[PDB]
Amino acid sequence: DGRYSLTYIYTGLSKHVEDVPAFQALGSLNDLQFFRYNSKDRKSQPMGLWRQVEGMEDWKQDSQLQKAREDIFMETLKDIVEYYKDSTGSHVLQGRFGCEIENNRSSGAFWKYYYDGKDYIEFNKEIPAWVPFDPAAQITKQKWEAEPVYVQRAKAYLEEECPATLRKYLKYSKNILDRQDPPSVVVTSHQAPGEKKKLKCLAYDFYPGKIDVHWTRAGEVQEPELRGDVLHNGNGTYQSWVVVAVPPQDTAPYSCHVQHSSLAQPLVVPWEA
């Protein structure tokens, strides 16, 4: 088996402006986002290729869960501002948590918070306890450890529930995270009035993202003039391109090359002037 990670990111603003939700949550599985939730619509919604996966999660229920998470989160943000006596200001609290497995074996877990961008508090499951980094965190810690169960629960969340959720999801996501969709390529050219002719090699509809794309001028690998790539989350696919400018009198042979993990051997696509 390989590496898999389940990450969540919560964002809360103490004085949100118009059109910006006070609370936002999102979740990822590896390099893809599978869900989202904000305090405006208050609904946990699958995203990307997960919008088509059935029976992996009861979104209606997970929404009740996010609403409850939101309440605690925003109360936390509220208490920090109350502590700095600055409710007139605009502040942010960000949370990060999740885990990762490698070869079906839990390989890591994390739970950390940031206030106005600085480390606020984080959970150390080995102790187990919260570690304050900011003075107001001393209060927060006192609250999250007011009963013996609490840390026990937090430790149980990272060591048992989270990795269980991740495994459950992997069961329904093989057709998503384990894909090896081969790249479709397209060589194209454009002549800018006054400029040289440029050739653009495009690799698309492929996954995983790791890919090798380069041109060759007479069997000679060229230095790209431009270069970019993108991940279309709704699709779960990448696109990577390269662009070379060609001398207005060059006659040499131009061919594009693509190497990807899903290919038994590299691909070549010459440009026919």
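Residue numbers here begin at 1 and follow the sequence given.
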| property | result |
| --- | --- |
| 221-229 versus 47-55 - greater average Cα B-factor per the deposited record | 221-229 |
| Higher-scoring stretch by recorded Cα B factor average, 87-95 or 195-203 | 195-203 |
| Member of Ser189, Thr165, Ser106, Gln138 with the greatest C-alpha B factor (per the PDB record) | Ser189 |
| Most elevated Cα B-factor in the entry, residues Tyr238, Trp215, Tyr37, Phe34 | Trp215 |
| Where the record places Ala22 (Cα B-factor, split into thirds across the chain) | lowest |
| Third of the chain's Cα B-factor distribution that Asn124 belongs to, per the entry | lowest |
| Record-listed C-alpha B factor of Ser173: chain third | middle |
| Entry-reported Cα temperature factor of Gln61, expressed as the chain third it lands in | highest |
| Entry-reported Cα temperature factor of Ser261, expressed as the chain third it lands in | middle |
